[PDB]
Amino acid sequence: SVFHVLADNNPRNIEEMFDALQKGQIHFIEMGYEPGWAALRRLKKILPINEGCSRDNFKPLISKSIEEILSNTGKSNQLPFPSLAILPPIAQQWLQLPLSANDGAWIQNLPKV
Amino acid sequence: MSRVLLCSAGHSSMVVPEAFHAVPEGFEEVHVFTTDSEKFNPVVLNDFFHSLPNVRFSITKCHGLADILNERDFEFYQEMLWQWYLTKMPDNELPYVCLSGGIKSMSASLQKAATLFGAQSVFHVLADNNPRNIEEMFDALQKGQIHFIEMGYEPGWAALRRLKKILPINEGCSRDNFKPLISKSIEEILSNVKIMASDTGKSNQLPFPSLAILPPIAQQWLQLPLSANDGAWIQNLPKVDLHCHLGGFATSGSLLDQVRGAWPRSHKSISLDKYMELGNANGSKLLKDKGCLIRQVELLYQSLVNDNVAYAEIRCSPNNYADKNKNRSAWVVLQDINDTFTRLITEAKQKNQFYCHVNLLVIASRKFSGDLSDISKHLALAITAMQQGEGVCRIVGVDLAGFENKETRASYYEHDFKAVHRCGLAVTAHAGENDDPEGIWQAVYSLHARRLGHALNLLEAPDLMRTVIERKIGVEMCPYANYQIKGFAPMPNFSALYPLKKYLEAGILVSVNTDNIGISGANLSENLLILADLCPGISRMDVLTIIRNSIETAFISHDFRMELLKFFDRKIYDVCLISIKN
Amino acid sequence: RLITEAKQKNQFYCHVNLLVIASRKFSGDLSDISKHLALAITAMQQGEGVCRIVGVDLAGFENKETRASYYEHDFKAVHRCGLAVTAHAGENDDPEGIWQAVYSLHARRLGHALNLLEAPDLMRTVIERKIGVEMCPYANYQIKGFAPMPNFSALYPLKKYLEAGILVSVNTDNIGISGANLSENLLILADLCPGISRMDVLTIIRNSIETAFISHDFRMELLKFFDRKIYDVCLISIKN
Amino acid sequence: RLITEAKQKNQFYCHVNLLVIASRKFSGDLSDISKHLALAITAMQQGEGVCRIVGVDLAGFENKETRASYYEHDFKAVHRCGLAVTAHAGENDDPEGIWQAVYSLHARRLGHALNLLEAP
Ligand SMILES: Nc1ncnc2c1ncn2[C@@H]1O[C@H](COP(=O)(O)OP(=O)(O)OP(=O)(O)O)[C@@H](O)[C@H]1O
Ligand SMILES: [Mg+2]
Ligand SMILES: [Mg+2]
């Protein structure tokens, strides 16, 4: 859940915002539950803690995927398996990317005929 | 190209010119969303944009909300901002947007809108001195103090962006009688994703005609059996008519009267001779002249466009319309038909309006009495006609219609049909009235009929059913035609059950066709309607699968089939979204 | 027995069916072809079972002595009974033979058919009738040669086959001899056909489902299961 | 137009009719034979006019690999419709292909056939 906290007087001291919440001045604003993408976290396995690092080893892993989202008819409505429409857009454009050798894991997990 | 710009500004308004000058290439349309607070100063932006009249500009005001203070204020602001974003979006382009203006809540809501509906490039603007006048910001950008930050690139949900068709009929979202339909959109997407990810039995699949993003209430409505009151929805639904005869349109009425100048729900069985005589006022005796034929073509195309039919295949007899006395050969008649259809299609398409692509099928008329060379002449004419190449409207198939009795089965001219099969031309058979399973069998396997006509009695031949289902050859099942001629349940004296339901369960690619609109008096919409009482327990999902079978069975190239599938998917999604709310 | 014992424990089981190969001039007299067809139809006539006999196969050496336009009369009965035929009309076979296989044998599939790009009419009818074209990437690459093969100029035509609209399916032929199962067979497409997309691979799987000889209900269940599994795998794929 | 112009002035005019050559095209996407036959049939079916299409001709690549004993089944429509058939064969072919052309395609003319003297 992602949300926002708004205060009419913007309290500074803790007792002030405490008194504000006693009456109810602080309101709560959220735009709804965000499923995100069901599976993206193996970035933290493949990328270690990297406590010692700087701007030199900047990882643009997803940005080129984001760049190729729309920069690149058959590929548009060749969509099989109608439930792929429910699939979130980032992985859809990921599918729109060209095949690569490093997709062996997905190929093996892929149900085939 | 319309590089539309959307922004929101709070106490500071000069950021929008900064956004415009952030890209030196220059935008074309800029719109700003702002509340009705008195702290705004629109005059500076108004006079700045008046200095470049070539760039469109507009201001929209969110009435009634001076500032966001409680939950209702924020939800109303979010709904209004979403409505404005989705109403000012380019028709066929993702717009730009800058988030710098406005307070944090507007910024977050705008970014949420950009994520949901897509944007070419979301970006920011950074001012070192935070100017208040055009001159100071101009000096800053000349020096280099201007700073633009870009972080995102969002495609958005195409299904969400295809929702702007429901915007009207709301008067402008007045707080007294406002329903936040964009919140309905967000609950639809959230519910769909959550249901898909929280189950497997539901998450199997279901809709093969492709959609799967409708609200769950819409899917439940679709799964329910169709009633007789879905006429408006189904008329709004685009259809396909793969079997329609040109010569049986203006068989009676004012249409016949006006083409000469230049029922329809029966409950008694009618013989084929009476059905043919019903259209005796038109065709061979009338359409010999050019004017009547042209009027017939234009009237038929107008009716097809009126019925929202997006594609159709027309069977016409060029030899029956020829007139050697007036130097009107059959080839000339066919050329005239093709030319007028092409002209109508181009006229409809050039105005960017819905149009009905139409292809002709040359019917190899059955005579079996005299001048048996007429079949070979028809085949040669069809081959030469398809060899034209150019033209949006063309020849794609040959119809083996006529008296489908044993005297004219498919074991007669297969060696002749070798010629038509060689040139890559489709063949449509007709073996549906008073025929044996053997006849259907070698019509499928010797004539190589890529599509089959009628064949209502496949139920009693399981081997024939396996052959037709396995080979994926279609069936031209005509509801009203057999209703008038044969008749089925629940009409009196007609206790027979229509095999359309069982055909759908088996998996036969059944396509519902109108046959002759003029003679039957009922169009394709009524043809689909009659299934409500003809086949009890029929649901709208089966109607959508019928449309999918029709589009999947037609003799079209792969690319054209792809385009038609795209258009049909988009239109079906839009019409379902429109109809579910009302 | 294997399928039933795998399904009883509720695990992942590979439903499998058999194809009866009817070779040409492989053992001597050609009456062996009639014997093979009779055996295949009698076997399919079992009625009840799980792993059934979908149809027959037609395989030969190269051409001429193994042409596909010799045994139509023999094939009449077996093809009438309700089986299916997958003629090996390809691998340096002239387009006329492929035409005979499609239009006289009523073959629902064509083996390899690599050189189909030089017969525009044969192409047109193949796409117009959605005749499956089984292709083995590794096997054809090894026995014919395609770019980036050293000292080779020709390139694999799979990308153009998919763009045209042929119901192409990717297979393995002989796993042991070629030394590659389906996974690496599909993987090699990246360096065999450049520019191939992932949605194209999914459409290849869809076409493989489409051209298989199965009943309508079994096809529907297979499609539902495949779609759900495909959604799960692409959900957990962008993880890496 | 040329014939009518010559005839209007009452000069000497050469009546001209066209023969639709059905090129052999040894493989040549052999559907062109059916295309030519259909074109000739419909051209004759056009009917009205002074100059007219009278028949078809098959020739080209006269070697035995393209003899006249192949397309004897395609020539049923052209021959029932009303056209006339010509078969060029005999310059260096066997004395049996001529018999096939005469008694199968019903050819009313024999192109060349310079070796007829050796088959009484
Ligand atoms: N193959 C086609 N068949 C029919 N119409 C087509 C086809 N291709 C494009 N069109 C037309 O392209 C136009 C695109 O319209 P658009 O995407 O802007 O939706 P709209 O104008 O809001 O509503 P509508 O689709 O009814 O026009 C459609 O009107 C459609 O009639
Ligand atoms: Mg009809
Ligand atoms: Mg093999």
# chains A, B, ... in the order shown; residues from 1 in each chain; ligands from 1
>>> residues_around(residues="range 99-104 of chain B", least_positions_apart="3", cutoff="7 Å", atoms="only C-alpha atoms", output="ChimeraX atom specification")
/B:7-10,15,107-108,110,123-125
>>> write_last_selection(atoms="N, CA, C and O atoms", output="PDB file, in the first residue's frame")
ATOM      1  N   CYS B   7       0.069  19.342 -18.131  1.00  0.00           N
ATOM      2  CA  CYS B   7       0.742  19.779 -16.919  1.00  0.00           C
ATOM      3  C   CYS B   7      -0.297  20.220 -15.902  1.00  0.00           C
ATOM      4  O   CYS B   7      -1.466  20.442 -16.228  1.00  0.00           O
ATOM      5  N   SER B   8       0.145  20.334 -14.654  1.00  0.00           N
ATOM      6  CA  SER B   8      -0.661  20.886 -13.576  1.00  0.00           C
ATOM      7  C   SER B   8       0.189  21.898 -12.827  1.00  0.00           C
ATOM      8  O   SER B   8       1.358  21.631 -12.537  1.00  0.00           O
ATOM      9  N   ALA B   9      -0.389  23.057 -12.526  1.00  0.00           N
ATOM     10  CA  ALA B   9       0.336  24.135 -11.875  1.00  0.00           C
ATOM     11  C   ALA B   9      -0.415  24.591 -10.633  1.00  0.00           C
ATOM     12  O   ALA B   9      -1.645  24.695 -10.644  1.00  0.00           O
ATOM     13  N   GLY B  10       0.333  24.855  -9.565  1.00  0.00           N
ATOM     14  CA  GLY B  10      -0.250  25.341  -8.332  1.00  0.00           C
ATOM     15  C   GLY B  10      -0.067  26.833  -8.152  1.00  0.00           C
ATOM     16  O   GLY B  10      -0.578  27.627  -8.948  1.00  0.00           O
ATOM     17  N   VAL B  15       6.110  27.668 -14.780  1.00  0.00           N
ATOM     18  CA  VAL B  15       6.805  26.420 -15.091  1.00  0.00           C
ATOM     19  C   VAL B  15       6.382  25.876 -16.452  1.00  0.00           C
ATOM     20  O   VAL B  15       7.188  25.253 -17.154  1.00  0.00           O
ATOM     21  N   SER B 107       1.195  15.927  -8.115  1.00  0.00           N
ATOM     22  CA  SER B 107       2.301  15.270  -8.806  1.00  0.00           C
ATOM     23  C   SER B 107       2.135  13.754  -8.796  1.00  0.00           C
ATOM     24  O   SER B 107       2.303  13.087  -9.827  1.00  0.00           O
ATOM     25  N   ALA B 108       1.793  13.192  -7.635  1.00  0.00           N
ATOM     26  CA  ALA B 108       1.608  11.749  -7.532  1.00  0.00           C
ATOM     27  C   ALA B 108       0.428  11.279  -8.372  1.00  0.00           C
ATOM     28  O   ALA B 108       0.519  10.255  -9.058  1.00  0.00           O
ATOM     29  N   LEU B 110      -0.789  12.708 -11.045  1.00  0.00           N
ATOM     30  CA  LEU B 110      -0.432  12.836 -12.452  1.00  0.00           C
ATOM     31  C   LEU B 110       0.498  11.714 -12.893  1.00  0.00           C
ATOM     32  O   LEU B 110       0.346  11.171 -13.993  1.00  0.00           O
ATOM     33  N   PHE B 123       8.754  13.865 -17.651  1.00  0.00           N
ATOM     34  CA  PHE B 123       9.989  14.557 -17.318  1.00  0.00           C
ATOM     35  C   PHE B 123       9.711  15.621 -16.268  1.00  0.00           C
ATOM     36  O   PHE B 123       8.566  15.868 -15.883  1.00  0.00           O
ATOM     37  N   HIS B 124      10.787  16.246 -15.806  1.00  0.00           N
ATOM     38  CA  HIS B 124      10.737  17.295 -14.801  1.00  0.00           C
ATOM     39  C   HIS B 124      11.443  18.533 -15.336  1.00  0.00           C
ATOM     40  O   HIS B 124      12.100  18.502 -16.379  1.00  0.00           O
ATOM     41  N   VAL B 125      11.300  19.634 -14.607  1.00  0.00           N
ATOM     42  CA  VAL B 125      12.048  20.854 -14.878  1.00  0.00           C
ATOM     43  C   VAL B 125      12.612  21.367 -13.561  1.00  0.00           C
ATOM     44  O   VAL B 125      11.957  21.286 -12.516  1.00  0.00           O
TER      45      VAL B 125
END
>>> residues_around(residues="residue 385 in chain B", least_positions_apart="2", cutoff="8 Å", atoms="only C-alpha atoms", output="ChimeraX atom specification")
/B:331,334,381-383,387-388,394-395
>>> residues_near_ligand(ligand="ligand 3", cutoff="10 Å", atoms="only C-alpha atoms and all ligand atoms", output="ChimeraX atom specification")
/C:21,57-60,88,111-112,134-136,139,171-174
>>> select_by_dssp(residues="range 131-239 of chain C", states="helix (DSSP H, G or I)", output="PyMOL selection string")
chain C and resi 137-143+158-164+175-178+182-187+189-192+198-211+216-235
>>> residues_around(residues="residue 111 in chain D", least_positions_apart="2", cutoff="9 Å", atoms="only C-alpha atoms", output="list in words")
residues 59, 86, 87, 88, 89, 90, 91, 109, 113 and 114 of chain D
>>> write_last_selection(atoms="N, CA, C and O atoms", output="short mmCIF file (atom, residue, chain, number, x, y, z; two decimals), in the first residue's frame")
data_model
loop_
_atom_site.label_atom_id
_atom_site.label_comp_id
_atom_site.auth_asym_id
_atom_site.auth_seq_id
_atom_site.Cartn_x
_atom_site.Cartn_y
_atom_site.Cartn_z
N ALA D 59 3.29 -25.22 -77.40
CA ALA D 59 4.60 -25.42 -78.01
C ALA D 59 5.67 -25.05 -76.98
O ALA D 59 5.37 -24.87 -75.79
N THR D 86 -4.43 -26.51 -81.35
CA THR D 86 -3.27 -26.74 -82.20
C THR D 86 -2.13 -27.25 -81.32
O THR D 86 -1.98 -26.83 -80.17
N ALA D 87 -1.34 -28.17 -81.86
CA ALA D 87 -0.26 -28.80 -81.10
C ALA D 87 0.99 -28.85 -81.97
O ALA D 87 1.06 -29.63 -82.93
N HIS D 88 1.97 -28.01 -81.65
CA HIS D 88 3.25 -28.01 -82.35
C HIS D 88 4.10 -29.15 -81.81
O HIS D 88 4.57 -29.10 -80.67
N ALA D 89 4.30 -30.18 -82.63
CA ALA D 89 5.10 -31.33 -82.23
C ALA D 89 5.52 -32.10 -83.47
O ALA D 89 4.68 -32.39 -84.32
N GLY D 90 6.80 -32.44 -83.56
CA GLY D 90 7.26 -33.29 -84.63
C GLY D 90 8.60 -32.92 -85.25
O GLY D 90 9.11 -33.66 -86.09
N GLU D 91 9.17 -31.78 -84.85
CA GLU D 91 10.44 -31.36 -85.43
C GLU D 91 11.55 -32.35 -85.10
O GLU D 91 12.31 -32.77 -85.99
N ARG D 109 -4.49 -29.13 -86.04
CA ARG D 109 -3.33 -28.78 -86.84
C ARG D 109 -2.08 -29.32 -86.16
O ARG D 109 -2.04 -29.47 -84.93
N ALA D 113 6.15 -31.02 -87.99
CA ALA D 113 6.01 -32.46 -88.22
C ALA D 113 6.76 -32.88 -89.49
O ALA D 113 6.20 -33.51 -90.39
N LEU D 114 8.04 -32.52 -89.55
CA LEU D 114 8.85 -32.78 -90.73
C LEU D 114 9.27 -34.24 -90.85
O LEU D 114 9.76 -34.64 -91.92
#
>>> interface_residues(of="chain B", to="chain D", cutoff="6 Å", atoms="only C-alpha atoms", output="list in words")
residues 373, 376, 380, 381, 384, 419, 422 and 423 of chain B
>>> atom_distance(atom1="atom 25 (O, counted along the ligand's line) of ligand 1", atom2="CA of residue 523 in chain B")
21.9 Å
>>> residues_around(residues="residue 457 in chain B", least_positions_apart="3", cutoff="12 Å", atoms="only C-alpha atoms", output="list in words")
residues 431, 432, 433, 434, 435, 436, 437, 440, 453, 454, 460, 461, 462, 464, 465, 475, 477, 482, 486, 496, 497, 498, 499, 500, 502 and 503 of chain B
>>> write_last_selection(atoms="N, CA and C atoms", output="PDB file, in the first residue's frame")
ATOM      1  N   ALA B 431     -23.935 -28.690 -50.104  1.00  0.00           N
ATOM      2  CA  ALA B 431     -24.500 -30.034 -50.028  1.00  0.00           C
ATOM      3  C   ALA B 431     -25.335 -30.186 -48.764  1.00  0.00           C
ATOM      4  N   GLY B 432     -26.238 -29.236 -48.527  1.00  0.00           N
ATOM      5  CA  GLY B 432     -26.927 -29.179 -47.253  1.00  0.00           C
ATOM      6  C   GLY B 432     -28.392 -29.568 -47.207  1.00  0.00           C
ATOM      7  N   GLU B 433     -29.042 -29.728 -48.357  1.00  0.00           N
ATOM      8  CA  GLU B 433     -30.457 -30.081 -48.407  1.00  0.00           C
ATOM      9  C   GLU B 433     -30.625 -31.372 -49.194  1.00  0.00           C
ATOM     10  N   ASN B 434     -31.243 -32.371 -48.561  1.00  0.00           N
ATOM     11  CA  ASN B 434     -31.564 -33.648 -49.198  1.00  0.00           C
ATOM     12  C   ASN B 434     -30.310 -34.303 -49.784  1.00  0.00           C
ATOM     13  N   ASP B 435     -29.375 -34.628 -48.895  1.00  0.00           N
ATOM     14  CA  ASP B 435     -28.122 -35.247 -49.294  1.00  0.00           C
ATOM     15  C   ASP B 435     -27.733 -36.322 -48.291  1.00  0.00           C
ATOM     16  N   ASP B 436     -26.920 -37.264 -48.763  1.00  0.00           N
ATOM     17  CA  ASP B 436     -26.389 -38.390 -48.018  1.00  0.00           C
ATOM     18  C   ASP B 436     -24.987 -38.081 -47.507  1.00  0.00           C
ATOM     19  N   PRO B 437     -24.571 -38.723 -46.411  1.00  0.00           N
ATOM     20  CA  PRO B 437     -23.217 -38.471 -45.887  1.00  0.00           C
ATOM     21  C   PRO B 437     -22.116 -38.777 -46.884  1.00  0.00           C
ATOM     22  N   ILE B 440     -21.489 -35.535 -48.969  1.00  0.00           N
ATOM     23  CA  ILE B 440     -20.692 -34.578 -48.213  1.00  0.00           C
ATOM     24  C   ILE B 440     -19.247 -35.044 -48.130  1.00  0.00           C
ATOM     25  N   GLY B 453     -21.399 -25.603 -47.179  1.00  0.00           N
ATOM     26  CA  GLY B 453     -22.665 -24.905 -47.067  1.00  0.00           C
ATOM     27  C   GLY B 453     -23.706 -25.758 -46.367  1.00  0.00           C
ATOM     28  N   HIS B 454     -24.395 -25.143 -45.405  1.00  0.00           N
ATOM     29  CA  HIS B 454     -25.476 -25.781 -44.663  1.00  0.00           C
ATOM     30  C   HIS B 454     -25.024 -27.072 -43.989  1.00  0.00           C
ATOM     31  N   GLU B 460     -26.041 -37.204 -37.613  1.00  0.00           N
ATOM     32  CA  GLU B 460     -26.231 -38.640 -37.771  1.00  0.00           C
ATOM     33  C   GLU B 460     -25.034 -39.342 -38.399  1.00  0.00           C
ATOM     34  N   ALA B 461     -23.957 -38.622 -38.701  1.00  0.00           N
ATOM     35  CA  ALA B 461     -22.766 -39.195 -39.328  1.00  0.00           C
ATOM     36  C   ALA B 461     -21.552 -38.838 -38.481  1.00  0.00           C
ATOM     37  N   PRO B 462     -21.282 -39.612 -37.425  1.00  0.00           N
ATOM     38  CA  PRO B 462     -20.139 -39.285 -36.552  1.00  0.00           C
ATOM     39  C   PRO B 462     -18.804 -39.258 -37.276  1.00  0.00           C
ATOM     40  N   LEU B 464     -18.373 -38.304 -40.375  1.00  0.00           N
ATOM     41  CA  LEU B 464     -18.370 -37.007 -41.039  1.00  0.00           C
ATOM     42  C   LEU B 464     -18.060 -35.889 -40.054  1.00  0.00           C
ATOM     43  N   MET B 465     -18.610 -35.972 -38.839  1.00  0.00           N
ATOM     44  CA  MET B 465     -18.309 -34.967 -37.824  1.00  0.00           C
ATOM     45  C   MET B 465     -16.827 -34.946 -37.489  1.00  0.00           C
ATOM     46  N   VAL B 475     -18.791 -24.328 -41.815  1.00  0.00           N
ATOM     47  CA  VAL B 475     -20.180 -24.658 -42.111  1.00  0.00           C
ATOM     48  C   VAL B 475     -20.950 -23.356 -42.269  1.00  0.00           C
ATOM     49  N   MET B 477     -24.078 -22.329 -41.870  1.00  0.00           N
ATOM     50  CA  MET B 477     -25.386 -22.590 -41.283  1.00  0.00           C
ATOM     51  C   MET B 477     -26.206 -21.305 -41.286  1.00  0.00           C
ATOM     52  N   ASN B 482     -33.291 -22.094 -42.964  1.00  0.00           N
ATOM     53  CA  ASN B 482     -33.888 -23.353 -42.539  1.00  0.00           C
ATOM     54  C   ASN B 482     -35.113 -23.142 -41.662  1.00  0.00           C
ATOM     55  N   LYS B 486     -37.159 -25.429 -43.677  1.00  0.00           N
ATOM     56  CA  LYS B 486     -37.285 -26.643 -42.880  1.00  0.00           C
ATOM     57  C   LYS B 486     -38.088 -26.408 -41.605  1.00  0.00           C
ATOM     58  N   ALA B 496     -38.259 -30.514 -34.159  1.00  0.00           N
ATOM     59  CA  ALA B 496     -36.839 -30.760 -34.357  1.00  0.00           C
ATOM     60  C   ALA B 496     -36.006 -29.682 -33.675  1.00  0.00           C
ATOM     61  N   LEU B 497     -34.886 -30.098 -33.090  1.00  0.00           N
ATOM     62  CA  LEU B 497     -33.989 -29.187 -32.393  1.00  0.00           C
ATOM     63  C   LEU B 497     -32.884 -28.738 -33.341  1.00  0.00           C
ATOM     64  N   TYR B 498     -32.606 -27.442 -33.342  1.00  0.00           N
ATOM     65  CA  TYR B 498     -31.586 -26.898 -34.229  1.00  0.00           C
ATOM     66  C   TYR B 498     -30.209 -27.399 -33.807  1.00  0.00           C
ATOM     67  N   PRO B 499     -29.432 -27.988 -34.716  1.00  0.00           N
ATOM     68  CA  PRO B 499     -28.120 -28.529 -34.350  1.00  0.00           C
ATOM     69  C   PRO B 499     -27.039 -27.482 -34.129  1.00  0.00           C
ATOM     70  N   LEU B 500     -27.378 -26.191 -34.169  1.00  0.00           N
ATOM     71  CA  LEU B 500     -26.364 -25.154 -34.006  1.00  0.00           C
ATOM     72  C   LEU B 500     -25.679 -25.258 -32.649  1.00  0.00           C
ATOM     73  N   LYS B 502     -25.382 -27.982 -30.681  1.00  0.00           N
ATOM     74  CA  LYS B 502     -24.537 -29.170 -30.684  1.00  0.00           C
ATOM     75  C   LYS B 502     -23.346 -29.007 -31.617  1.00  0.00           C
ATOM     76  N   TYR B 503     -23.527 -28.302 -32.736  1.00  0.00           N
ATOM     77  CA  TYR B 503     -22.399 -28.005 -33.612  1.00  0.00           C
ATOM     78  C   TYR B 503     -21.345 -27.187 -32.880  1.00  0.00           C
TER      79      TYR B 503
END
>>> residues_near_ligand(ligand="ligand 1", cutoff="7 Å", atoms="only C-alpha atoms and all ligand atoms", output="mmCIF file with C-alpha atoms, in the first residue's frame")
data_model
loop_
_atom_site.group_PDB
_atom_site.id
_atom_site.type_symbol
_atom_site.label_atom_id
_atom_site.label_comp_id
_atom_site.auth_asym_id
_atom_site.auth_seq_id
_atom_site.Cartn_x
_atom_site.Cartn_y
_atom_site.Cartn_z
ATOM 1 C CA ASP B 91 -6.128 9.786 -30.670
ATOM 2 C CA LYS B 165 -15.730 6.124 -25.445
ATOM 3 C CA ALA B 310 -17.420 -5.267 -41.169
ATOM 4 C CA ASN B 352 -12.440 7.935 -42.104
ATOM 5 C CA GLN B 353 -15.780 6.261 -41.390
ATOM 6 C CA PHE B 354 -16.745 2.652 -40.743
ATOM 7 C CA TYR B 355 -16.723 0.677 -43.992
ATOM 8 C CA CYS B 356 -17.633 -2.856 -45.065
ATOM 9 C CA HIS B 357 -15.002 -4.701 -47.088
ATOM 10 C CA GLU B 563 -5.937 -6.499 -39.662
ATOM 11 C CA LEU B 564 -9.548 -7.673 -39.422
ATOM 12 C CA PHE B 567 -10.170 -4.154 -35.668
ATOM 13 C CA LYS B 571 -14.477 -2.807 -31.584
#
>>> interface_residues(of="chain C", to="chain D", cutoff="9 Å", atoms="only C-alpha atoms", output="JSON, numbers by chain")
{"C": [96, 119, 120, 121]}
>>> interface_residues(of="chain C", to="chain A", cutoff="7 Å", atoms="only C-alpha atoms", output="list in words")
residues 183, 187, 190, 195, 196, 197, 198, 199, 203, 205, 206, 208, 209, 227, 231, 233, 235, 236, 237, 238, 239 and 240 of chain C
>>> write_last_selection(atoms="N, CA and C atoms", output="compact mmCIF listing (two decimals), in the first residue's frame")
# COMPACT_ATOMS: atom_id res chain seq x y z
N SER C 183 14.53 -27.61 -25.73
CA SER C 183 14.91 -26.33 -25.13
C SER C 183 16.03 -25.66 -25.93
N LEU C 187 16.29 -22.43 -28.34
CA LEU C 187 17.27 -21.42 -27.98
C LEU C 187 18.15 -21.03 -29.16
N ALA C 190 17.96 -17.84 -31.71
CA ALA C 190 18.50 -16.49 -31.53
C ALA C 190 19.67 -16.23 -32.47
N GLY C 195 16.75 -11.44 -34.81
CA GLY C 195 15.56 -10.63 -34.67
C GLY C 195 14.32 -11.37 -34.22
N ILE C 196 14.44 -12.66 -33.89
CA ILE C 196 13.29 -13.43 -33.45
C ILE C 196 12.86 -12.95 -32.07
N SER C 197 11.55 -12.83 -31.86
CA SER C 197 11.01 -12.27 -30.63
C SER C 197 10.42 -13.37 -29.75
N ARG C 198 10.21 -13.02 -28.48
CA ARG C 198 9.69 -13.99 -27.52
C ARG C 198 8.23 -14.29 -27.79
N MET C 199 7.44 -13.27 -28.14
CA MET C 199 6.07 -13.51 -28.55
C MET C 199 6.01 -14.40 -29.78
N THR C 203 3.96 -17.82 -30.07
CA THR C 203 3.12 -18.17 -31.22
C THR C 203 3.55 -19.49 -31.84
N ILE C 205 4.70 -22.04 -30.10
CA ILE C 205 4.06 -23.02 -29.21
C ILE C 205 2.57 -23.12 -29.53
N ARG C 206 1.92 -21.98 -29.75
CA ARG C 206 0.50 -21.98 -30.08
C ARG C 206 0.23 -22.73 -31.38
N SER C 208 2.15 -25.10 -32.67
CA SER C 208 2.37 -26.52 -32.38
C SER C 208 1.14 -27.14 -31.75
N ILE C 209 0.49 -26.42 -30.85
CA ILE C 209 -0.78 -26.89 -30.29
C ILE C 209 -1.83 -26.99 -31.39
N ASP C 227 -2.21 -22.10 -21.31
CA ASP C 227 -2.31 -20.66 -21.12
C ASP C 227 -2.02 -20.29 -19.67
N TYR C 231 1.17 -18.07 -18.46
CA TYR C 231 1.05 -16.85 -17.68
C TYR C 231 1.93 -16.91 -16.44
N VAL C 233 4.71 -18.69 -16.00
CA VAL C 233 6.13 -18.63 -16.35
C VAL C 233 6.54 -17.23 -16.76
N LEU C 235 5.13 -14.57 -15.70
CA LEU C 235 5.10 -13.78 -14.47
C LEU C 235 6.40 -13.92 -13.69
N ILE C 236 6.94 -15.14 -13.60
CA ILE C 236 8.14 -15.38 -12.81
C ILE C 236 9.41 -15.39 -13.67
N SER C 237 9.31 -14.98 -14.93
CA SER C 237 10.47 -14.95 -15.81
C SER C 237 11.24 -13.64 -15.75
N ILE C 238 10.55 -12.50 -15.68
CA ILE C 238 11.22 -11.20 -15.66
C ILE C 238 11.94 -11.02 -14.33
N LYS C 239 11.68 -11.93 -13.39
CA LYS C 239 12.43 -11.96 -12.14
C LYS C 239 13.93 -11.98 -12.41
N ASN C 240 14.37 -12.83 -13.33
CA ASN C 240 15.77 -12.91 -13.71
C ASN C 240 16.06 -12.04 -14.93
>>> closest_atom_pairs(of="chain C", to="chain B", cutoff="9 Å", atoms="only C-alpha atoms", output="tab-separated table")
residue	atom	partner	partner_atom	distance
C:80	CA	B:467	CA	8.9
C:81	CA	B:463	CA	8.1
C:82	CA	B:467	CA	7.0
C:103	CA	B:448	CA	8.0
C:104	CA	B:446	CA	8.6
C:106	CA	B:445	CA	8.0
C:108	CA	B:471	CA	8.2
C:121	CA	B:424	CA	6.6
C:122	CA	B:424	CA	8.3
C:124	CA	B:424	CA	7.0
C:125	CA	B:424	CA	6.0
C:127	CA	B:558	CA	7.4
C:128	CA	B:557	CA	7.1
C:129	CA	B:450	CA	7.9
C:164	CA	B:558	CA	7.2
C:165	CA	B:558	CA	6.1
C:213	CA	B:470	CA	7.4
C:214	CA	B:470	CA	8.0
C:215	CA	B:470	CA	7.6
C:216	CA	B:507	CA	6.0
C:217	CA	B:506	CA	8.1
C:221	CA	B:204	CA	9.0
C:223	CA	B:205	CA	8.3
C:224	CA	B:204	CA	5.0
C:225	CA	B:204	CA	6.3
C:226	CA	B:204	CA	8.7
C:227	CA	B:205	CA	6.6
C:228	CA	B:204	CA	5.4
C:229	CA	B:204	CA	8.9
>>> residues_around(residues="residue 546 in chain B", least_positions_apart="3", cutoff="10 Å", atoms="only C-alpha atoms", output="NGL selection string")
:B and (209 or 239-240 or 504 or 508-512 or 528 or 540-543 or 549-552)
>>> residues_near_ligand(ligand="ligand 2", cutoff="8 Å", atoms="only C-alpha atoms and all ligand atoms", output="VMD selection string")
chain B and resid 243 to 245 401 515 to 516
>>> write_last_selection(atoms="C-alpha atoms", output="mmCIF file, in the first residue's frame")
data_model
loop_
_atom_site.group_PDB
_atom_site.id
_atom_site.type_symbol
_atom_site.label_atom_id
_atom_site.label_comp_id
_atom_site.auth_asym_id
_atom_site.auth_seq_id
_atom_site.Cartn_x
_atom_site.Cartn_y
_atom_site.Cartn_z
ATOM 1 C CA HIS B 243 -22.928 -16.086 -47.548
ATOM 2 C CA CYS B 244 -25.072 -13.395 -49.170
ATOM 3 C CA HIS B 245 -26.535 -13.414 -52.677
ATOM 4 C CA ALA B 401 -24.426 -23.868 -55.569
ATOM 5 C CA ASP B 515 -28.415 -16.088 -47.193
ATOM 6 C CA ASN B 516 -30.886 -13.672 -48.831
#
